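Working notes for the structure below.
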Amino acid sequence: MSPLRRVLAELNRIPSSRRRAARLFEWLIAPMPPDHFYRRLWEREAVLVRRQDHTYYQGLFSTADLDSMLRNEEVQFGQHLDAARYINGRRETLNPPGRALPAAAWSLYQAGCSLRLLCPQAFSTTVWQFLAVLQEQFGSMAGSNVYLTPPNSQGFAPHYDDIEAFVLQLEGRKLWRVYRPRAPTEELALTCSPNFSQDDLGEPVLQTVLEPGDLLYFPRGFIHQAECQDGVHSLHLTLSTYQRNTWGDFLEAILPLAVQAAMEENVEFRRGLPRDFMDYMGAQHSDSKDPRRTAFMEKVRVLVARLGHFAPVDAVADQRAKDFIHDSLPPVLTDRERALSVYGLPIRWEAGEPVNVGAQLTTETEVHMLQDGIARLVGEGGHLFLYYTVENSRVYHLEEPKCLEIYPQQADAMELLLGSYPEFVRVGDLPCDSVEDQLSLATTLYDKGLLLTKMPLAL
Amino acid sequence: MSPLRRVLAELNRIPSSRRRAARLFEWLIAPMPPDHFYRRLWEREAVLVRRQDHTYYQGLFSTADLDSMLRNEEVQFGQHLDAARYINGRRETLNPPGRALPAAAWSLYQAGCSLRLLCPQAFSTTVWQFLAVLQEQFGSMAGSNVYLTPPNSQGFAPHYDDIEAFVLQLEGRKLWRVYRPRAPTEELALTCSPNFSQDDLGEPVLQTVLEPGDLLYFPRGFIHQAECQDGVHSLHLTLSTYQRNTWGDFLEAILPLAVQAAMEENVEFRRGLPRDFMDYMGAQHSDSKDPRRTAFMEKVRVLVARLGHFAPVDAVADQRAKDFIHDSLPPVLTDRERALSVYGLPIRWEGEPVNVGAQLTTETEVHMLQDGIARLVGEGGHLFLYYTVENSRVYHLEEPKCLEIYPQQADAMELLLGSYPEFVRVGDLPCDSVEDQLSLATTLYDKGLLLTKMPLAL
Amino acid sequence: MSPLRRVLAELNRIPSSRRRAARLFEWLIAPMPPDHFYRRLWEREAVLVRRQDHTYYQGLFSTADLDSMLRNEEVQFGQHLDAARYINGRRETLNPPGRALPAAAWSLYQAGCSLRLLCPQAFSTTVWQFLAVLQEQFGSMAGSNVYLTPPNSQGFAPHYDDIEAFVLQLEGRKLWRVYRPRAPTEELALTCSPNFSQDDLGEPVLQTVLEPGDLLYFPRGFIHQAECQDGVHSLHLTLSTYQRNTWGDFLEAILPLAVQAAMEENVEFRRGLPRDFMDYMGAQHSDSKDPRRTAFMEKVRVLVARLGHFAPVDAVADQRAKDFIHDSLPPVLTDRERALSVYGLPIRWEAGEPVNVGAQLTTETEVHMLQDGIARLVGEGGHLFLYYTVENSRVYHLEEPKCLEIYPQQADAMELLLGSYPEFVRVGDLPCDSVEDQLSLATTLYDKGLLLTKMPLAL
Amino acid sequence: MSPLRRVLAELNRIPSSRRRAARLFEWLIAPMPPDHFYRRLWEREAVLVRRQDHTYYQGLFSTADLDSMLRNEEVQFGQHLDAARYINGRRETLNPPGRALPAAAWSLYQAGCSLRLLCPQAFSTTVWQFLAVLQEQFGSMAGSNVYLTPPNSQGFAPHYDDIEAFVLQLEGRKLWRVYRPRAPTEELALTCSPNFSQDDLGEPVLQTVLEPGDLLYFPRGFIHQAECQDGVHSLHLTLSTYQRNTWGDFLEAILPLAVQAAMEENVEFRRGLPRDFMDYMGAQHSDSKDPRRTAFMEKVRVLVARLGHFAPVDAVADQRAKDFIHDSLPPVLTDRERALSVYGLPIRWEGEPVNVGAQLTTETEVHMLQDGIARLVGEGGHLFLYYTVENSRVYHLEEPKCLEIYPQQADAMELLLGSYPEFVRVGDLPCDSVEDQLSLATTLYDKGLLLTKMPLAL
Amino acid sequence: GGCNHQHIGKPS
Amino acid sequence: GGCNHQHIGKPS
Amino acid sequence: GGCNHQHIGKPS
Amino acid sequence: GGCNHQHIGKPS
Ligand SMILES: O=C(O)CNC(=O)C(=O)O
Ligand SMILES: O=C(O)CNC(=O)C(=O)O
Ligand SMILES: O=C(O)CNC(=O)C(=O)O
Ligand SMILES: O=C(O)CNC(=O)C(=O)O
Ligand SMILES: [Mn+2]
Ligand SMILES: [Mn+2]
Ligand SMILES: [Mn+2]
Ligand SMILES: [Mn+2]
């Protein structure tokens, strides 16, 4: 059995989704220890993992899969697939409007174009599970693109991306060149870069030929490019994560709330500005020797520093968690998880009627969240809402934010369930005022596909 | 000659608009020294100035003026005029939809309703000049309302406003009660307050009967109410200023720009958050003993402190100045300023136009028409001179007006704005060419943003 | 006294506003009888009325008035005033952005530009009354423009307008050229025309020098142009009316309502179309010899003709009346009208209090609408609303549609009052269920400035 | 071999899509002759076809298919699936927000709720082909819903729909009651109706127990209801068509254009209204004896009659055709059509692509892929060929798709659309040049709008 | 009354 | 499109 | 509570 | 502005 299939079988036998995610990432960069990778290389260095095992990714994705999805699925140029080529130091995109049929796509490939599938996880369930698991240990949306390049060609101009990238060589070989950030500002860049010409580039910090099974990681800001040399194409899947998930992004959400809080709670923020500060402040006075100006700037720095005491850090953390739940790919259940959840209840249609009717929860039922990263409790305008991922589309933001309200008499028990995973809790022992509230919370979550039971319900 | 008419005649003789604004405010709180008022009372204490001169405000506004307005102008209920009354601890608004005619307005007044004019500066040129001048020393928009209450009635329920208020007693007498901020949150309040009932109020810090000529000032947040007692009505003009002109508002504009600049310039702001911070941050985790949480909080406070270094302070000051220019009432010119501006050029239709074609020359001496009518602001690699001379007496009725200043004139434009009221020979303007000097001055002058020492006689 | 001032004094002594309007129009084209004008010339021929009285329009508008309004009012270029010149067979507009101060305006005039005031009725009360009265006998909005042209110049390129135009020569002289519609389609044109060059023009049907006091009328579609010759400027006021007030416009509003009505009331309009009409209908089949096609077109013509029976003619008439009330300039009251209306109640401020308090209506009060063309009763969604003009701005559509609801128990009396003008009706004799309803309707209308009393209220 | 599978196998052998559509509809109402149905029953009478063959529809849709859909697809309550029940003369909808899982759906069914699938053609390729073919002979969108009712229950309240309906009994038995239009206004109704109570209904015109294989048809406006009696459920697929495809709708589109054309072309429509017609027209004047009123009305009716002459009938037909193309379900290709189209080109990834670079040549013989997949429409001096081949099985999920046809290809495009299924030598296309012939054919073919007599083997 | 039967396959 | 006389008293 | 005193001279 | 890798799985 291939390493990918072996580890996937292995994950199905691991109870915790948190541990499953950790294990899969361990597999992704093996033999490199994750602890070393995050401590020393994550967001700092380009890394090549020379696998010396061409079968490592077998089962993940292949060119055969691509060809088949073009004929059996509704793959559209632009929306789902791009065809580009880099020649004469110039990038060109050749997307014809409409459906990308095998005849058109392969015609472009034959003429030198690279093909790029934007959301492979929407057409492949393997890629979907792969990213759905890894997103749990990234704490960030895990996206991906698939790149197929014909022999003796380059599809894209050198550039840098706005995400942490993990390149997985699936077929053929490709000559890659990775450059360290060209300048202080391009280090851990915020946005994708424009296309660069070779003259804009220095020396590669990494130049090598990737072999199926190999892994090549590099931070946002690291310029890269790649080309197929004589006689063989290249197919690779680039896993991406950490888009706009910086400390600066956290502050962006924090500040407006902090200053509002400060103004409402401390009179020093409500005092009026000088009646004549326009006399010494402004670009026209950037060189004024007026001390009132120095006093103005000093006061500004003091009040700003002060805002730290008014920052609603927990509320912004919850908001980001809520947006991540919305961004999330839906969970891929283990056979056990499905079997012990509403998804696996044996009730279906036979002969002329429903069979295996009406299993019901009781105070004796032992439960716990279906998985660790599928829900988040959030407070908004006096109400509490549990946002979950189980009804999200494999397509980014196709379905809108899903939640269900959690009533006050259930908040303690909901927090408990969210923090004890994967420990089982007898429904009767949930911190609720009445038994009606215990059964009601457990029933609502279970019916939602957010909970699983120790023993399959059979009532 | 009433004190008001006397100080106005005096303002017409004061060369600088800045000096003119300072003088009118000095007149407004006389005998109290302005320095003292701003240092010790402004935004701090309620102040009562017993003028001992019932004629101090004569000429500013009267009830006869309101009456003539009703008959001769398109005064609307709701839009221009409100009618309210306070009875049994309940505030009631009695506005009939439509225009407020003498018949309707006085009927309501006879029924015990107070009439309140929302924008007397749009209907009176005197109130307009008054506010137009004072706004120049407040560095903030100066608005006003006129309140007319019938004998033995209270028009409004006790409340605090969101602006600095100067009540000017114009006619009759009124019993006022002013209270200090009920709690720390209400001191220098951000927004206006709900209507309060007597049970909500403590003891007044100031309770007195205002008489024509008297002045009462109180900071935003200071609750107040007033009633007319037996036999006499009350008419007063409340001058307002400083609406949302606080340090917090400045920061509001500063921060987004600060954080963006920090992210673009310092890598510490572009580093990724922890992959698992959601495990210890969130309301769910507020009592977690996880050390990681304490480190996270500390880092937040350190990065926020650093923001002060990236704050584009001058750019925000300019943006607020631009908004203020947009907010401003148009300028009231002195006889001299008009006579020496485009507004006073003798060109007129006297069957053909007479005296037109007058020109500026390198020998012409010029300077900004007034000190608070313009502001130079940079936006997207471009310079724009925003002005007030075409603003309406009605708040934001016209949108921001500006004209672009080219880089080859930027230095001269800053100079002109910086050296008022010093006269500057056009030929000595810091420009590349004589064409640039002549074109900048001609442009500003034609806009009515400039004046010459001698009336262009060409 | 000038003829204009004489007739205006005369109007103030005429009780009916309907008669006032008729009389003023009579004055406008004198000696030509209005009945002849409308019967034979209106919308058919260009007409010159050589007055032989230079004082005819004195008091209406003058160049002195213009000069004064530039300095005392906020006249803006573009919005209120245009400066244009026609040279080299080309039209140019010279509007500087901002306020049109005397210095700028006269500078442009001196350089050859014509100045045009777009809404003189907003700055002149004389022009306002003039148009407010005339609109009542046009049954259409009466607008106007003022044109001042310097000697030896042309301000505009030949063109035709989309309205019925009455040119009033106020000062100087101007050489006018009016051409009959160039073609069937330009007859009673719907829209303003583009600027024409002389090569596009045939022979003038009318070419003459207008003299103060003269009147020159011409229908929409009639191309015209005018120029000042040696040594003297020209000032004229062009009165305009009948913009989009055609039979076609009436049908536009009627048809959607007619077809909807027909579909709801007659099954022949609800029957399904042929399953295969796309086989023989369409541009691709415009030449098909299929008879099914001839049958299709015939059926279309039959159903369309049928719609005449379902046309809500009265409802569309009311809608147009409502839009005309909204378009209307507010009324100019006669001394008597004001004196017997709420506008003239003697209540005002003296000493310290209101004087002449509280006049009140009684069942004995004799009333009638303030004027004939200031109100219109309209039905909408089960409710009845009286729309009026008394609070309209002198600026077109500055204030939105104003109305007041009329309750069912008042509808008969409201219709009565609207149809008996200028006959007096005792309030007690109004067709109402109760006396409360009689006094209430009369009080509400009176307080609104929509009613006047035979004797001034004095209570 | 079931009759359904047999007729489908037969359709795969019928060359023309037009003939194919006619044949499937003939199968749908067999033994009744189509000519007779359309001439005498369509939009006129309720019809019951007792098939006497419980297997007639075998293969179209079953309850097992719905079950598998629930478990294996993202079926949503509200969006995709409704659950309703009718009790005590009251309609109740019991949709839980969220996805409809087997557990929830069958629980509701066990509680007596009917389950109704709104778009089975998006979940079943069989229902899809069925509707895709029939829409071609209706010349109107063909939709469908599946209704599953538990024994002894009524899921819905009596009502009439706004479409022509063909109920196909798939499983179990159901007691149906169909009523003739209650009143003249309800005959061939424009919109769906409110839910009615039994007291609102008269006597049925048709009351029968439908059994698998049976067909029931009834025009819009015909009220109906149905209940499952003791011991058996019911499953049926209601095929719908002709929603707002009436003569009135055509006129709706025609009139605005007609009146505009009339105004542009005939001066009688551009003449002014009377200056005083408001004196005699209006609800206020409906009983006026003014002769002017009678003249006004007469003139209105004469001008409206004239409109027929200016009606752009072909342009509206084209616009409705364009909307229909947008409305259409994508085409279901026969084995032959696919094999002879771009969809069947043997080019594939067999480490490099094999068999690509096939070309059309002047010798290639071609014809539109099918008869109802495209439409040529003129808009603003431009020609656009709108097609259905890229439409989603979900209504309006994708927006109108079209490609522009240049004038130098217009004649050949009309020809191709007009001569289906006759094969046309590319070289004989009515074009100016050989380049134009080759480019038009290559374009259409690459879009999947064309097929060749022989598979391109180049 | 609403579209009892949802002809276009989606609610509105 | 061409508008010479401004009937409604304002431009567009 | 609303702007008891209408600073900007127009309601909102 | 330049976007090479489409992280969110779709263009803009
Ligand atoms: O494969 C290429 O030519 C370019 N690939 C990338 O930029 C990437 O995977 O992020
Ligand atoms: O006059 C009153 O009754 C209330 N006046 C005010 O609240 C004020 O002037 O700000
Ligand atoms: O005066 C001019 O040059 C042109 N005048 C007009 O077009 C007019 O009055 O309608
Ligand atoms: O099955 C039912 O109870 C109701 N069915 C319908 O209304 C229908 O199929 O159009
Ligand atoms: Mn139905
Ligand atoms: Mn004209
Ligand atoms: Mn107040
Ligand atoms: Mn990249």
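Order determines the names: the first chain of the structure tokens is A, the second B, and so forth; residues in each chain are numbered 1 upward, and ligands are numbered 1 upward as they are shown.
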
Which polymer residues have any atom within 8 Å of an atom of stretch 17-21 of chain C, counting only C-alpha atoms, with same-chain residues fewer than 2 positions away left out, as JSON, numbers by chain? {"C": [11, 14, 15, 23, 24, 25, 133, 134, 135, 136, 137, 371, 372, 373]}

Grab the residues selected above and save them as a PDB file, in the first residue's frame with N, CA and C atoms.
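Below is the file part20.pdb, written as the result:
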```
ATOM      1  N   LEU C  11     -55.339  91.519 -13.183  1.00  0.00           N
ATOM      2  CA  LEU C  11     -55.516  90.149 -12.716  1.00  0.00           C
ATOM      3  C   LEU C  11     -55.891  90.089 -11.239  1.00  0.00           C
ATOM      4  N   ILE C  14     -59.533  90.094 -10.593  1.00  0.00           N
ATOM      5  CA  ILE C  14     -60.310  89.020 -11.211  1.00  0.00           C
ATOM      6  C   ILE C  14     -60.427  87.882 -10.203  1.00  0.00           C
ATOM      7  N   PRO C  15     -61.655  87.576  -9.763  1.00  0.00           N
ATOM      8  CA  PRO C  15     -61.883  86.504  -8.790  1.00  0.00           C
ATOM      9  C   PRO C  15     -61.358  85.103  -9.136  1.00  0.00           C
ATOM     10  N   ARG C  23     -57.050  85.295 -19.207  1.00  0.00           N
ATOM     11  CA  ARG C  23     -56.827  86.706 -19.505  1.00  0.00           C
ATOM     12  C   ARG C  23     -55.359  87.048 -19.759  1.00  0.00           C
ATOM     13  N   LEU C  24     -54.456  86.455 -18.973  1.00  0.00           N
ATOM     14  CA  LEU C  24     -53.035  86.732 -19.135  1.00  0.00           C
ATOM     15  C   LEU C  24     -52.523  86.198 -20.470  1.00  0.00           C
ATOM     16  N   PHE C  25     -53.033  85.047 -20.903  1.00  0.00           N
ATOM     17  CA  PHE C  25     -52.578  84.497 -22.173  1.00  0.00           C
ATOM     18  C   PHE C  25     -53.123  85.361 -23.293  1.00  0.00           C
ATOM     19  N   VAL C 133     -49.358  81.593 -13.521  1.00  0.00           N
ATOM     20  CA  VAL C 133     -50.689  81.865 -14.020  1.00  0.00           C
ATOM     21  C   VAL C 133     -50.867  81.159 -15.360  1.00  0.00           C
ATOM     22  N   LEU C 134     -49.925  81.371 -16.276  1.00  0.00           N
ATOM     23  CA  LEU C 134     -50.019  80.742 -17.596  1.00  0.00           C
ATOM     24  C   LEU C 134     -50.073  79.202 -17.564  1.00  0.00           C
ATOM     25  N   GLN C 135     -49.418  78.574 -16.595  1.00  0.00           N
ATOM     26  CA  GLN C 135     -49.442  77.114 -16.511  1.00  0.00           C
ATOM     27  C   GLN C 135     -50.873  76.597 -16.331  1.00  0.00           C
ATOM     28  N   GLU C 136     -51.726  77.382 -15.680  1.00  0.00           N
ATOM     29  CA  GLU C 136     -53.113  76.982 -15.447  1.00  0.00           C
ATOM     30  C   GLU C 136     -53.932  76.853 -16.728  1.00  0.00           C
ATOM     31  N   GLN C 137     -53.620  77.634 -17.758  1.00  0.00           N
ATOM     32  CA  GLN C 137     -54.375  77.526 -19.006  1.00  0.00           C
ATOM     33  C   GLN C 137     -53.626  76.681 -20.044  1.00  0.00           C
ATOM     34  N   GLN C 371     -57.893  78.347  -5.016  1.00  0.00           N
ATOM     35  CA  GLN C 371     -57.781  78.550  -6.456  1.00  0.00           C
ATOM     36  C   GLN C 371     -58.177  77.251  -7.151  1.00  0.00           C
ATOM     37  N   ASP C 372     -58.432  77.338  -8.454  1.00  0.00           N
ATOM     38  CA  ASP C 372     -58.890  76.204  -9.256  1.00  0.00           C
ATOM     39  C   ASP C 372     -57.843  75.146  -9.640  1.00  0.00           C
ATOM     40  N   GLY C 373     -56.595  75.570  -9.822  1.00  0.00           N
ATOM     41  CA  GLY C 373     -55.557  74.628 -10.212  1.00  0.00           C
ATOM     42  C   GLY C 373     -54.474  74.374  -9.179  1.00  0.00           C
TER      43      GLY C 373
END
```

Excluding same-chain residues fewer than 4 positions from residue C:175, what lies within 9 Å of it counting only C-alpha atoms, as JSON, numbers by chain? {"C": [207, 208, 209, 210, 225, 226, 227, 228, 229]}

Residues contacting ligand 6 - anything with an atom at most 8 Å away, using only C-alpha atoms and all ligand atoms - can you give me those as a list in words?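 For ligand 6, the residues inside 8 Å are residues 158, 159, 160, 161, 165, 223, 224 and 225 of chain C; 4 and 5 of chain F.
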
Hey, can you spit out that residue selection with N, CA and C atoms as a PDB file, in the first residue's frame?
```
ATOM      1  N   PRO C 158     -27.830  76.346 -34.636  1.00  0.00           N
ATOM      2  CA  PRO C 158     -29.242  76.074 -34.921  1.00  0.00           C
ATOM      3  C   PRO C 158     -29.598  74.691 -34.399  1.00  0.00           C
ATOM      4  N   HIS C 159     -30.826  74.558 -33.912  1.00  0.00           N
ATOM      5  CA  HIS C 159     -31.307  73.324 -33.306  1.00  0.00           C
ATOM      6  C   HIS C 159     -32.814  73.469 -33.176  1.00  0.00           C
ATOM      7  N   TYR C 160     -33.477  72.429 -32.687  1.00  0.00           N
ATOM      8  CA  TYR C 160     -34.899  72.551 -32.396  1.00  0.00           C
ATOM      9  C   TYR C 160     -35.029  72.044 -30.968  1.00  0.00           C
ATOM     10  N   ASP C 161     -36.066  72.520 -30.298  1.00  0.00           N
ATOM     11  CA  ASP C 161     -36.325  72.147 -28.920  1.00  0.00           C
ATOM     12  C   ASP C 161     -37.461  71.140 -28.811  1.00  0.00           C
ATOM     13  N   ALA C 165     -42.489  76.815 -27.791  1.00  0.00           N
ATOM     14  CA  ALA C 165     -41.755  77.990 -27.361  1.00  0.00           C
ATOM     15  C   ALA C 165     -42.347  79.357 -27.715  1.00  0.00           C
ATOM     16  N   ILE C 223     -36.739  74.185 -36.291  1.00  0.00           N
ATOM     17  CA  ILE C 223     -35.368  74.582 -36.040  1.00  0.00           C
ATOM     18  C   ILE C 223     -35.284  76.107 -36.014  1.00  0.00           C
ATOM     19  N   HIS C 224     -34.436  76.641 -35.145  1.00  0.00           N
ATOM     20  CA  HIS C 224     -34.284  78.076 -35.057  1.00  0.00           C
ATOM     21  C   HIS C 224     -32.882  78.429 -34.643  1.00  0.00           C
ATOM     22  N   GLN C 225     -32.534  79.693 -34.860  1.00  0.00           N
ATOM     23  CA  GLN C 225     -31.244  80.232 -34.471  1.00  0.00           C
ATOM     24  C   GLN C 225     -31.438  81.741 -34.489  1.00  0.00           C
TER      25      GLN C 225
ATOM     26  N   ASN F   4     -30.885  72.060 -25.772  1.00  0.00           N
ATOM     27  CA  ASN F   4     -30.552  73.469 -25.853  1.00  0.00           C
ATOM     28  C   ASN F   4     -31.340  74.338 -24.873  1.00  0.00           C
ATOM     29  N   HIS F   5     -32.664  74.226 -24.880  1.00  0.00           N
ATOM     30  CA  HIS F   5     -33.498  74.991 -23.953  1.00  0.00           C
ATOM     31  C   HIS F   5     -33.743  74.082 -22.757  1.00  0.00           C
TER      32      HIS F   5
END
```

Nearby residues (only C-alpha atoms) at most 8 Å from residue G:8, same-chain spacing under 4 positions excluded, as a PDB file with N, CA and C atoms, in the first residue's frame:
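Once written, part_7.pdb looks like this:
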```pdb
ATOM      1  N   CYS B 119     -32.168  76.349  12.513  1.00  0.00           N
ATOM      2  CA  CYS B 119     -31.054  76.965  11.800  1.00  0.00           C
ATOM      3  C   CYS B 119     -31.290  78.447  11.546  1.00  0.00           C
ATOM      4  N   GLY B 143     -22.831  76.059  15.618  1.00  0.00           N
ATOM      5  CA  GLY B 143     -24.219  76.066  15.206  1.00  0.00           C
ATOM      6  C   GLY B 143     -25.058  76.803  16.222  1.00  0.00           C
ATOM      7  N   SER B 144     -26.379  76.776  16.062  1.00  0.00           N
ATOM      8  CA  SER B 144     -27.268  77.443  17.011  1.00  0.00           C
ATOM      9  C   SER B 144     -28.728  77.083  16.810  1.00  0.00           C
ATOM     10  N   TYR B 395     -26.007  73.716   6.577  1.00  0.00           N
ATOM     11  CA  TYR B 395     -25.010  72.660   6.777  1.00  0.00           C
ATOM     12  C   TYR B 395     -24.950  71.582   5.677  1.00  0.00           C
TER      13      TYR B 395
END
```

Can I get the residues close to ligand 7 as an mmCIF file with N, CA, C and O atoms, in the first residue's frame, where close means within 9 Å and we count only C-alpha atoms and all ligand atoms?
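Written out: pocket-v5.cif:
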```cif
data_model
loop_
_atom_site.group_PDB
_atom_site.id
_atom_site.type_symbol
_atom_site.label_atom_id
_atom_site.label_comp_id
_atom_site.auth_asym_id
_atom_site.auth_seq_id
_atom_site.Cartn_x
_atom_site.Cartn_y
_atom_site.Cartn_z
ATOM 1 N N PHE B 156 -39.051 71.565 27.044
ATOM 2 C CA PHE B 156 -38.280 70.327 26.966
ATOM 3 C C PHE B 156 -38.014 69.613 28.283
ATOM 4 O O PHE B 156 -38.018 70.234 29.358
ATOM 5 N N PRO B 158 -35.573 67.448 30.937
ATOM 6 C CA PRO B 158 -34.142 67.551 31.277
ATOM 7 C C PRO B 158 -33.333 66.521 30.495
ATOM 8 O O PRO B 158 -33.760 65.382 30.314
ATOM 9 N N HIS B 159 -32.171 66.954 30.022
ATOM 10 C CA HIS B 159 -31.293 66.142 29.183
ATOM 11 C C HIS B 159 -29.935 66.830 29.152
ATOM 12 O O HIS B 159 -29.794 67.952 29.620
ATOM 13 N N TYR B 160 -28.942 66.168 28.572
ATOM 14 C CA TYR B 160 -27.641 66.792 28.388
ATOM 15 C C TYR B 160 -27.438 66.685 26.897
ATOM 16 O O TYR B 160 -27.996 65.801 26.256
ATOM 17 N N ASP B 161 -26.687 67.625 26.347
ATOM 18 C CA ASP B 161 -26.423 67.658 24.922
ATOM 19 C C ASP B 161 -25.035 67.113 24.636
ATOM 20 O O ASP B 161 -24.284 66.838 25.567
ATOM 21 N N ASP B 162 -24.697 66.965 23.355
ATOM 22 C CA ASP B 162 -23.395 66.431 22.945
ATOM 23 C C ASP B 162 -22.440 67.537 22.467
ATOM 24 O O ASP B 162 -21.425 67.266 21.817
ATOM 25 N N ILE B 163 -22.762 68.783 22.795
ATOM 26 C CA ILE B 163 -21.943 69.922 22.388
ATOM 27 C C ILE B 163 -21.713 70.902 23.535
ATOM 28 O O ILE B 163 -22.417 70.858 24.545
ATOM 29 N N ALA B 165 -22.161 74.274 25.111
ATOM 30 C CA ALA B 165 -23.265 75.204 24.940
ATOM 31 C C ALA B 165 -23.174 76.572 25.620
ATOM 32 O O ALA B 165 -22.840 76.677 26.803
ATOM 33 N N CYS B 192 -25.819 62.732 22.628
ATOM 34 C CA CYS B 192 -26.879 63.409 23.352
ATOM 35 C C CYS B 192 -27.533 62.341 24.213
ATOM 36 O O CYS B 192 -27.371 61.144 23.958
ATOM 37 N N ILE B 223 -26.385 67.982 32.520
ATOM 38 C CA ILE B 223 -27.829 67.979 32.307
ATOM 39 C C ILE B 223 -28.396 69.349 32.626
ATOM 40 O O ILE B 223 -27.849 70.069 33.449
ATOM 41 N N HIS B 224 -29.480 69.717 31.955
ATOM 42 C CA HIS B 224 -30.098 71.011 32.173
ATOM 43 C C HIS B 224 -31.550 70.980 31.769
ATOM 44 O O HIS B 224 -31.979 70.111 31.022
ATOM 45 N N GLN B 225 -32.299 71.949 32.281
ATOM 46 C CA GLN B 225 -33.713 72.109 31.969
ATOM 47 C C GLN B 225 -34.025 73.546 32.325
ATOM 48 O O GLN B 225 -33.244 74.199 33.018
ATOM 49 N N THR B 238 -29.129 79.474 21.720
ATOM 50 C CA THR B 238 -28.079 78.612 22.227
ATOM 51 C C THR B 238 -27.077 78.376 21.116
ATOM 52 O O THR B 238 -27.404 77.865 20.039
ATOM 53 N N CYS G 3 -30.856 64.116 19.254
ATOM 54 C CA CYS G 3 -30.213 65.404 19.452
ATOM 55 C C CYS G 3 -31.246 66.417 19.927
ATOM 56 O O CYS G 3 -31.937 67.030 19.124
ATOM 57 N N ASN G 4 -31.366 66.570 21.242
ATOM 58 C CA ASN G 4 -32.314 67.522 21.806
ATOM 59 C C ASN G 4 -32.041 68.855 21.127
ATOM 60 O O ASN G 4 -32.940 69.464 20.561
ATOM 61 N N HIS G 5 -30.784 69.281 21.176
ATOM 62 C CA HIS G 5 -30.336 70.512 20.528
ATOM 63 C C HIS G 5 -29.768 70.038 19.199
ATOM 64 O O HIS G 5 -28.894 69.170 19.175
ATOM 65 N N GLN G 6 -30.285 70.594 18.107
ATOM 66 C CA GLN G 6 -29.847 70.221 16.764
ATOM 67 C C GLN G 6 -28.672 71.083 16.300
ATOM 68 O O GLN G 6 -28.844 72.042 15.544
#
```

Determine, counting only C-alpha atoms, which protein, DNA and RNA residues have an atom within 8 Å of an atom of residue E:1; residues of the same chain fewer than 6 positions away are not included. Present the result as an MDAnalysis selection string. chainID D and resid 192:195

Could you give me, as a list in words, the residues within 7 Å of residue F:2, counting only C-alpha atoms and dropping anything in the same chain fewer than 6 positions from it?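 Listed by chain and then number, they are residues 192, 193, 194 and 195 of chain C.
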
Would you output that residue set with C-alpha atoms, as an mmCIF file, in the first residue's frame?
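out.cif was written with the following content:
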```cif
data_model
loop_
_atom_site.group_PDB
_atom_site.id
_atom_site.type_symbol
_atom_site.label_atom_id
_atom_site.label_comp_id
_atom_site.auth_asym_id
_atom_site.auth_seq_id
_atom_site.Cartn_x
_atom_site.Cartn_y
_atom_site.Cartn_z
ATOM 1 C CA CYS C 192 -34.241 68.131 -28.379
ATOM 2 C CA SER C 193 -32.120 67.922 -31.511
ATOM 3 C CA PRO C 194 -28.353 67.797 -31.833
ATOM 4 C CA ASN C 195 -26.664 70.995 -32.924
#
```
